[PDB]
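Chains as they are written, first to last, in PDB author numbering: chain A, 352 to 448; chain B, 4 to 65, 109 to 216, 264 to 448; chain C, 4 to 65, 109 to 216, 264 to 448; chain D, 254 to 351; chain E, 52 to 351; chain F, 204 to 304; chain G, 103 to 152.
C-beta atoms are modelled at their ideal positions from N, C-alpha and C, and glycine is treated no differently.
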Amino acid sequence: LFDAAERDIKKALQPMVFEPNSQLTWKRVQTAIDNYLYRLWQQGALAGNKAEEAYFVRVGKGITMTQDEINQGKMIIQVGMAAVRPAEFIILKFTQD
Amino acid sequence: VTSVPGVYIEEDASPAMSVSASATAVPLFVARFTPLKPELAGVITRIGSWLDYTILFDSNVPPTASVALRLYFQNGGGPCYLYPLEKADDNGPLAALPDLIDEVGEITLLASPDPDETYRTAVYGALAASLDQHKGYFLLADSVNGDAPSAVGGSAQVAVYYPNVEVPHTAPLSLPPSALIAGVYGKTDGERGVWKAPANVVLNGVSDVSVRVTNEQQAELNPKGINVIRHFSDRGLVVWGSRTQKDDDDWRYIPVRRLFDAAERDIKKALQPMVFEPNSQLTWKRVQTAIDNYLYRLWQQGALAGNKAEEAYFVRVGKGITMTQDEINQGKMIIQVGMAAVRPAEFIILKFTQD
Amino acid sequence: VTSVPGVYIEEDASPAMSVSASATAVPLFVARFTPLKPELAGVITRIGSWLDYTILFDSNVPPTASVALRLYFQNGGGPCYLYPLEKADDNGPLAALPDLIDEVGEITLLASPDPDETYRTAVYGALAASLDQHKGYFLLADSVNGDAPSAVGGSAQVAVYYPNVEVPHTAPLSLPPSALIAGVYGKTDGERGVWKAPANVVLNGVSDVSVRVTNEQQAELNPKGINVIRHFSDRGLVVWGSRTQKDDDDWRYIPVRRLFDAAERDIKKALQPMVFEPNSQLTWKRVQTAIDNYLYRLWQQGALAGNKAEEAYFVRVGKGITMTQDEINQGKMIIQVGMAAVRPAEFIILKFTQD
Amino acid sequence: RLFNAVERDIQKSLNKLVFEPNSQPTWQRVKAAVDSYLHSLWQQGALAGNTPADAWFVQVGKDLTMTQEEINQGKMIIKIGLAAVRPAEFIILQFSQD
Amino acid sequence: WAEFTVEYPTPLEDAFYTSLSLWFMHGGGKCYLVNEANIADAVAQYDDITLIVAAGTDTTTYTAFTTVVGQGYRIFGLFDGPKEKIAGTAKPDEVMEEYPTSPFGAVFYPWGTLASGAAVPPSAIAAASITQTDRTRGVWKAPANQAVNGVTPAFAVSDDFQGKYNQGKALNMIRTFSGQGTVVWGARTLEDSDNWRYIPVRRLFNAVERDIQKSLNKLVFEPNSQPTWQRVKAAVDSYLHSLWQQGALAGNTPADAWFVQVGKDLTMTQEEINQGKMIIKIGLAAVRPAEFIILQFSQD
Amino acid sequence: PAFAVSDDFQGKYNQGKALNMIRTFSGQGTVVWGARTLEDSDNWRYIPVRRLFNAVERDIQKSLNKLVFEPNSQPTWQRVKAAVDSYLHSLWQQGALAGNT
Amino acid sequence: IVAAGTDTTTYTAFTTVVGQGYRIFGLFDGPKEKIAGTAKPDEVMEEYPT
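Put into structure tokens, the structure is as follows:
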């Protein structure tokens, strides 16, 4: 699951690889990643409950970066999921009451 | 524990228990008999009725053991045991007697219908030691004359019935009343239960007492507590008085002694399946409840003399209360339980007034 | 100690201990018997009941050792030991007696049911030396006439019961009461405990005393403290008086002597696993606590006569208190402990007044 | 035999449900499939009790059972409990006057 | 135990074969085996020897033991007792002059018999009790009440024959009790002086310096100045403070338990600084076994 | 069992060491009886309290072999502490070790 | 480590692997037949490694 989610976002960030590192680029990337995990969440592939807690993609400058790696031009995409595990070893444990 | 994925099946096992009551009846008799087969010489034998007694044993002709035993069934039913022995001073099987009573779990009462004194007092001293380790016995005894026997001096479990009873047979022969008084305990626990003193029950089939007792020496014999068989004109013979031997206010009454003797034997038999379980907290609340639901059922059928409050039991098994840490290491449990039994009502006093 | 990186496993070992109580019962008897096998000639043998006594030994016909021993079981239960010897002046095994009692750790009481005086006083002087090194013995004795025996002159652990008791047998034979009075110590420690003086307990199965004592020479015999078997009309025979021999206010009473004798033997048996541990400070607080939680449990069951304060124990083990530096070098520990026992209540005085 | 035969049909059926994703739509589907079998068994008089939430119970979740670390090992543990019927071996009857 | 079996394939009856089989069976580790003419060479080389036990040799062993003590190698031997059956009628002293008096060693009389095979010299029995002691709980506790397994003593000694051999010298019998069995009993060295008794208080000072002397070999030829004096003083007491919490040496306010001092005029004045010397002194109070436990009753 | 032992022959072999007889009752039969180890010390008796400590560490020692040579820092100390007590909390609800709070 | 009717050489190999601290729990056999119960509570118990 992590091997296929990386290969689809890495193929589409390749057209935008030399754009300026301002703030309006940050909110446009953080949204197009947000609308990719949300569609994948609501079809039963991220093991989160009825809250939002399956993704925390953030691209800001105060968070997740600072000033001096802007000068050696970088961006940092902290993203993280919560995948689903297969269910084996089903245990019944009947009781009397 | 789980390697192949598959599907595994599993149940919860627990020794969760409840307590149910047995009967307080069916004694054994240690008089002399005549068995028909050599394997019936020195072993305890269960007798169901009068019919199967006639098959295994016989009725001889000269001989009071066959007469004293059929009067047991005419009063009250129930099975009974019997242990035949021939010689009074044969201390071989008499020493081998108390290690045969323990393997049968039921034995409650004890008696001896043999007439003379040299045979009975040899028996009463043989198993007198087996009364004080609290396994649950209660024997009966008779008195040779106006005072109590001294083979068992002072104990919480005896009962003495003074005047011996005769019976017609082809001159009428006398009979020590310890035989047929065991059958009248089998009727009172039937309809009324354990907690009713058997006094107003009527002896079923007799001619007359041997010596006629009157009220002016009833006053002397009712202290130093021994009981009495009385004669009345309208209703015939009747047993009278229900007092035990030793006379502190702890246990002076037959039913208050026999109520605590039966309530212990039913809970001790069912805690025996759980005797090596861990001493955690979930075991404590499961035991304290199964004892709580046993005294509450016995309270609401009129046997614990408490009022409309709850105050008849305070069973507690906790760790802060009733225990502490250092006797857990020498593995123990402490069950503080206590009842409030009911007393029989004698000496009814009227005291009329004008206003 | 650690070279290969790996992962190492290690636990904390400590001799941390607590104290639990044993029973104060089960004596040995040094009368003459008739063994059945030659290996039962001169060695201590454990007897569990009356049944297994009939297997190993026998009942002969002329002979009071078999009669005096069965009266022990009718009074109180418990096992007992016995040491058979044949000749009174055989000082071989009599010198070899006290080095056999020490290897069995339990022995508390001491008695001799043999009738005559030449056999008993040969025994009482043989093991009289083994009473004063404080291992925990307490023997019993009888008096040939109105004054105490002189084989053990003045000691804190004796007890004399004056009038000898008879028993019917096929002319009734007399019997020195030191045998059956050991069994009545086995009932008092059962329900009431150690700290209750056995007086109101009733002798279980006897005809009558040999000589009838009255109250006007009870006044003379109750000083120079020796006890007495009394006869009453309503309740029969009863033991009476619970005073020891030597009459300073230190220990004049049987239970105050036997309470300190049992409290020492339980803590001395459990300090024996920790006898070579270092004398640091964390050992001191672990010992002082396990002694504190032993007297507190014994206080709150009514055996230390203290009021609702704590003042019944002052166990201290420190170094500034109760010790100093220079006896650490000759390795020692000092346990200053002290109790406040309870006294029996005799001589109840009313002193009515008008106001 | 009631407890002996009420599980040999669940264990036979759940063999085609192993290796399924241990998620939220699974937990609300096994819970809704077991109690639809017990409700068919309660009307037939097999196990006794009114208000059929009292007769049995089924529960499966994320923190009532099988916390987060044993979900990462793959385990999917449940527990159900039910009260069956017992024969009326002894029939006692009491007369009175009222 | 692996290479000991491939070297010695057959079970023998000699005193050394019964000794190493009792060492390894109670745990054990890296142990040597030298002839009785080359102790004075083997100790000076291998740099880790702690115990010199005697597997049934007395005459030429006592000379080689006191040899390596004479150079001050800080070692602790332990010896055998007399062969069999002191009658106990008399003569408490004449069995004790054949043993070299020194604060290093004990004798361990009763000659356990190893009911499986032949006899075992008691130096192996005493050496097995130290192995399961320091692995379990420290070295400051005496090899005193930890039980051994598979060895029964040949004799039953007494309760009081221990008593007349407890002063002067240190027979240290091996006595079997009820419950716990075949245990060792008594930890006493050869002298009776109030500084040097109690075998664990000897081994505490014996092992608290063989780790300081091993470490300070990389600190010689260092400049004898002020930053050196405040660094050794701050490195030694950080080892003693780890040893005080473990219960090895007793005392509250841990400035009272030990002391360390190093300076310019409290010690090593100016002229012996010019000769290069750097002298220190540290002193500490260890623990001692509670060999005697007396207890007093009263009424208050 | 080949023998019938007693009720009281269990009694004199219950202290010191741990004979642990095999005795047959009425109803339940040929059952084992008594779980006691060889010493009598208040830390180490009761065979199940030995096997509890014997099996609560052979799974921690088996698991921590893949955590050696890890950096001895602050995020390590708060992770082992949060991984051990999540195993004991699963063992406390099952009734293995007793205590409230 | 159970003993299927072996006592002599089993008790040595049991306490060997305890000496390295392998955290194991053996269990042994009893005496062969019929303690008479007349005496001697201790002498049947020194042949077992404590």
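How close, in whole Å, do the beta carbons of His77(E) and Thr117(G) come, if the pair is a contact with beta carbons under 8 Å? Sequence index remark: in the fifth sequence, residue 77(E) carries index 26 (1-based). Sequence index remark: in the seventh sequence, residue 117(G) carries index 15 (1-based). 7 Å between Cβ atoms; contact.
Is there at least one Cβ from chain D nearer than 8 Å to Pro18(B)'s Cβ? Within the second sequence, numbered from 1, the residue matching residue 18(B) stands at position 15. Not an interface residue.
Contact with chain D by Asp448(A), beta-carbon distance below 8 Å: As a working note, residue 448(A) is residue 97 in the first sequence. Taking Cβ atoms only, chain D reaches closer than 8 Å to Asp448(A), which makes this a yes.
How many Å lie between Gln423(B) and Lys220(F) at the Cα? Start at 1 with the first residue of the second sequence, and residue 423(B) comes out as number 330. Start at 1 with the first residue of the sixth sequence, and residue 220(F) comes out as number 17. If you draw a straight line from the Cα of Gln423(B) to the Cα of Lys220(F), it is about 15 Å long.
Just to confirm the assignment, what range does the beta strand (DSSP E) spanning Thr382(C) have? As a working mapping, residue 382(C) is identified with position 289 in the third sequence. Judged by DSSP secondary structure, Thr382(C) falls outside any beta strand (DSSP E) and instead within the alpha helix (DSSP H) spanning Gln374 to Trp392.
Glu439(A): which of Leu397(B), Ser6(B) and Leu39(B) sits nearest, CA to CA? Stepping through the first sequence from its first residue, residue 439(A) is reached at position 88. Taking only the C-alpha atoms, the option nearest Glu439(A) is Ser6(B).
Is it right to say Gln120(C) is buried, meaning 16 or more other beta carbons lie within 10 angstroms of its own, or is it exposed? As a working note, residue 120(C) is residue 74 in the third sequence. It is buried - the Cβ of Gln120(C) has at least 16 other Cβ atoms within 10 Å.
For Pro38(C) and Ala111(C), believed in contact at Cβ under 8 Å, the rounded distance: For the purposes of this step, residue 111(C) is identified with residue 65 of the third sequence, where counting begins at 1. For the purposes of this step, residue 38(C) is identified with residue 35 of the third sequence, where counting begins at 1. About 12 Å separates the Cβ atoms of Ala111(C) and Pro38(C), ruling out a contact at the 8 Å cut-off.
Within-8 Å CB hit, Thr140(G) to chain I: Looking at the structure shown, chain I is missing, and the protein chains on hand are A, B, C, D, E, F and G.
Ends of the alpha helix (DSSP H) at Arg49(B)? Translated into the one-based positions of the second sequence, residue 49(B) becomes position 46. Looking at the DSSP string, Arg49(B) is not in any alpha helix (DSSP H); the run it does join, the beta strand (DSSP E), is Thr48 to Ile50.
Among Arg35(B), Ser21(B), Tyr406(B) and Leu115(B), whose alpha-carbon lies nearest the alpha-carbon of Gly276(B)? Locating residue 276(B) in the second sequence gives position 183, counting from the first residue. When each option's Cα is compared against that of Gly276(B), the closest is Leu115(B).
By alpha-carbon positions, which one of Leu185(B), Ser52(B), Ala34(B) and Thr27(B) ends up nearest to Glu163(B)? What you label residue 163(B) is simply residue 117 of the second sequence in a count that begins at 1. Looking at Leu185(B), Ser52(B), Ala34(B) and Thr27(B), the one whose alpha-carbon comes closest to that of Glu163(B) is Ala34(B).
Under 8 Å from the C-beta of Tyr249(E): neighbouring residues of chain C: As a first step, residue 249(E) must be located in the fifth sequence, where it is residue number 198. Among the residues of chain C, those whose CB is under 8 Å from the CB of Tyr249(E) are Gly424, following chain order.
Measuring straight from C-alpha to C-alpha, what distance separates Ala178(E) and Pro371(C)? The sequence position of residue 178(E) within the fifth sequence is 127, counting from 1. The sequence position of residue 371(C) within the third sequence is 278, counting from 1. Rounded to whole angstroms, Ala178(E) and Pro371(C) show a C-alpha spacing of 20 Å.
Alpha carbon to alpha carbon, what distance is there between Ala134(B) and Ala205(C)? Here residue 205(C) is taken as the residue at index 159 of the third sequence, counted from 1. Here residue 134(B) is taken as the residue at index 88 of the second sequence, counted from 1. Approximately 37 Å, taken between the alpha carbons.
Which same chain residues end up closer than 6 Å to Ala141(B) when comparing Cβ atoms and leaving out the 5 residues on each side of it in sequence? The residue labelled residue 141(B) in the question sits at position 95 within the second sequence. Only residues of its own chain outside the window of five on either side were considered, and among them none has a CB closer than 6 Å to the CB of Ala141(B).
Between which two residues does the beta strand (DSSP E) holding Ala238(F) run? What you label residue 238(F) is simply residue 35 of the sixth sequence in a count that begins at 1. Careful: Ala238(F) lies outside any beta strand (DSSP E) and carries neither H nor E.
Using beta-carbon positions only, say whether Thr203(E) and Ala166(E) come within less than 8 Å of one another. For this step, residue 203(E) is matched to residue 152 along the fifth sequence. For this step, residue 166(E) is matched to residue 115 along the fifth sequence. A Cβ-Cβ contact shorter than 8 Å links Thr203(E) with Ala166(E).
Can you tell me whether DSSP reads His324(B) as helix, strand or coil? The sequence position of residue 324(B) within the second sequence is 231, counting from 1. Three-state DSSP puts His324(B) in a strand.
Using DSSP with H/G/I as helix, E/B as strand and the rest coil, what is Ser267(C)? The sequence position of residue 267(C) within the third sequence is 174, counting from 1. If DSSP states are grouped into helix, strand and coil, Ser267(C) belongs with the strands.
With a threshold of 8 Å between beta carbons, is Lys215(F) in contact with chain G? Translated into the one-based positions of the sixth sequence, residue 215(F) becomes position 12. Taking Cβ atoms only, chain G reaches closer than 8 Å to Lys215(F), which makes this a yes.
So who's on the other strand from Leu443(B), going by DSSP bridges? To locate residue 443(B), count along the second sequence from 1; it is residue 350. According to DSSP, which records beta bridges pairwise, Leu443(B) is partnered with nothing at all.
I want to verify the contact list: residues of chain C whose CB lies under 9 Å from the CB of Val271(F), in sequence order. Start at 1 with the first residue of the sixth sequence, and residue 271(F) comes out as number 68. Result: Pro8, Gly9 and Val10.
Among the residues of its own chain, which have a CB less than 8 Å from the CB of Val146(E), if the five just before and after it don't count? If you number the fifth sequence from 1, residue 146(E) lands on position 95. Same-chain partners within the cutoff: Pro133 and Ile137.
Three-state class that DSSP yields for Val435(A) in the structure shown: As a working mapping, residue 435(A) is identified with position 84 in the first sequence. It is coil, neither helix nor strand.
Take every Cβ of the stretch 405-412 of chain C, pair it with every Cβ of the stretch 425-434 of chain C, and state whether three or more of those distances are shorter than 8 Å. Judged by Cβ distances under 8 Å, the stretch 405-412 of chain C makes contact with the stretch 425-434 of chain C, as three or more pairs qualify.
Along chain B, in chain order, which residues have C-beta atoms closer than 7 Å to that of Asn268(D)? Translated into positions along the fourth sequence, residue 268(D) becomes position 15. The contacting residues are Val10.
Helix, strand or coil, according to DSSP, for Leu294(E) in the structure here? The residue you call residue 294(E) lines up with position 243 of the fifth sequence. The DSSP-derived three-state label of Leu294(E) is helix.
What does the alpha-carbon distance come out to for the pair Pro62(E) and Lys142(E)? Indexing the fifth sequence from 1 puts residue 62(E) at position 11. Indexing the fifth sequence from 1 puts residue 142(E) at position 91. Whole-angstrom Cα-Cα distance: 40 Å.
Along the stretch 391-417 of chain A, what residues have a CB closer than 7 Å to any CB found in chain D? Within the stretch 391-417 of chain A, the qualifying residues are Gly395, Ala398 and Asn400.
Looking at the structure shown, is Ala141(G) part of a helix, part of a strand, or coil, going by DSSP? Counting from one through the seventh sequence, the residue named residue 141(G) turns up at place 39. In the structure shown, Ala141(G) sits in coil (DSSP, three-state: anything other than H, G, I, E or B).
Beta-carbon neighbours of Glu260(D), restricted to chain B and to distances below 7 Å: Within the fourth sequence, the letter at position 7 stands for residue 260(D). Result: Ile12.
Taking just the CA atoms, how far does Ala402(C) sit from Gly395(C)? Position 302 of the third sequence, counting from 1, holds the residue named residue 395(C). Position 309 of the third sequence, counting from 1, holds the residue named residue 402(C). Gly395(C) and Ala402(C) have their C-alpha atoms some 14 Å from each other.
Less than 7 Å between C-beta atoms, sequence neighbours within five positions excluded: which residues of the same chain meet that for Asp61(B)? Translated into the one-based positions of the second sequence, residue 61(B) becomes position 58. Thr37 and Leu39, listed in sequence order.
Can you have a look at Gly318(B) and say buried or exposed, based on whether 16 or more other CB atoms are within 10 angstroms of its CB? Counting from 1 along the second sequence, the entry for residue 318(B) is found at position 225. Buried, by the Cβ-count rule.
Could you pull the DSSP bridge partners for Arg226(E) from this structure? Here residue 226(E) corresponds to residue number 175 of the fifth sequence, with the count starting at 1. BP columns for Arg226(E) point to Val234(E).
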